[PDB]
Each structure stands twice: as C-alpha cells, then as structure tokens.
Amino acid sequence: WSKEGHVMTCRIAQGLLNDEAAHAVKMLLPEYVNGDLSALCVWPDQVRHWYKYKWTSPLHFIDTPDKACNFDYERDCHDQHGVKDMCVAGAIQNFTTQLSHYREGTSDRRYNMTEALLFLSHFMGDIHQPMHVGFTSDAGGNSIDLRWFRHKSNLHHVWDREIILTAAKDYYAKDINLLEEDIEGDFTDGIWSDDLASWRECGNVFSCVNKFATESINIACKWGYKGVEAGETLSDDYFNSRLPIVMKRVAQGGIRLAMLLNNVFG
C-alpha cells in the first residue's frame, strides 16, 4: 500500500490490541510518535533503499508466474537469485518469530524489536494488497500504464492508492480517519461483523501467510487485472466494484495484524 493503506491497517490493528500487546507496542515505539503505531507503518517503504536494509526490498511482495493465478510458497517465496523466504510471506514468519523471543527475553543482538514490529506491521498490510501478490512480468501491475479517471497511473498504484484517494475525496472530505471509521463500522456493526472469527482463524503462522497470499493473488486475477488493458481508462464502474474489496482488505490486514501481535505478546 501507499501511505494511507498502511496508516489505516495499523490504526485498526492498534485499537484492537490486548493489554499485553498494547503495552509492548507502546514500549517499542519512539517517544516522538506519541504511542501511534500508524505514524511509523510506512517506514519500511523509505528504508528499503538504504544500503543497510536493501535486504528488505523483496519482502514487500510476492512474484507469482504470469496467468498461474495461485500462490505456492516453495515455488514463489524467494527473491530473484533464489534465496529462500525472501517474499512478504517469509518476512511475516520471520518477524513474527523474532517478536515471540521478546516476550521471554531469550534472544540477542541480532534482532531489533522496534524494527521487527514496524516490518511485521507494514508487511501484514502489503500481503493484503492484491497487486503485491500479482504477476512476475508486469511486476504486480506497475508496468500496466493506464488512466485513472482523468490522470495517468498504473494498475499497481490504482490498488496501492488511487482507489483509496478517490473514495476519500468523493465521500469522506479527503479525511482518511473518516474512511477508516467507516471500515471500523463495517466490521463492528456492519456487513463484516459476523466474519471476524473466520478472518482470525487461519492456523499457524505459515498457514496464515499462505491464506493471505492466496486470497491476494485470487483477487488480483478476478478483480485487479481483469477488465484492464494497457493504455485504457478506468473510471466509475471499476471504482464502484473494487472499492469494497480494497476496504475489506484494509480491514482484514488490521484485524489479522492485531491477531498476531495479541498471540505473540499475550
């Protein structure tokens, strides 16, 4: 996601933390964000360019083969040079494990738990963004130039940001907090209120990340790539049919991130 998908994913998660998770997160954050996890959830997108963290660059996405329309861990979860686990599914296992050590203390210098938290948070959002688990050849739609309403864009960015911005502008006065509260409502009192247990119950971590990836690639083929040709214009119909899917994936990432943090600390 661009900034807004991450901020929403993480504010939703933070307001659903249990007391032990809430506390750990508060202790792990710098004083300057005043307890707000969401103030830092886009941090990995900035630092992936830093030499020190260039190893984090393939952890943002999954490349699945063109047209295959499924996800297979062994086949897909590696960077370009075939190094194992270097995809957003592997990243989530990794940093979830690191955080499980914090609780007992039993770890050493190799791991920085503030970075473990921010990475896990970020990457739980990214795996929920369908176009982050899209095709290898178009790099999750980045190569597919197109027009979003009146301006130039690409299919990846339509999912990372344009759909979110158009919704914010059209219905919520450009105020992401209000879009976020609508998403809260839809899972507190609304259309998704009876699905939270099913969203939360995905087996062990390895099993959860396969399920999140699968959902993502599945949506990429059915809703992302589908109906979209390079150079064409996407407007009302595509927005109207896809906004609910974007909103849902923002919700699911928040709930599931809350779920991991609650299990790893509590």
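The first residue of the sequence shown is number 1, and the count goes up from there.
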Decide which of the stretches 181-189 and 114-122 has the higher mean C-alpha B-factor, going by the entry. 181-189
Higher mean Cα B-factor in the deposited model: 19-27 or 248-256? 19-27
Which one of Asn34, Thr64, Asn210, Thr56 shows the top CA temperature factor in the record? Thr64
Can you tell me whether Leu261 has a C-alpha B-factor in the lowest, middle or highest third compared with the other modelled residues of the same chain? middle
What third of its chain's C-alpha B-factors does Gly140 belong to: lowest, middle or highest? middle
Looking at the temperature factor on the CA atom of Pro130, which third of the chain's modelled residues does it land in? lowest
Would you mind ranking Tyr172 by its C-alpha B-factor against the rest of the chain and naming the third, lowest, middle or highest? middle
For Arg200, return the chain-relative third of its C-alpha B-factor as stated in the PDB record: lowest, middle or highest. middle
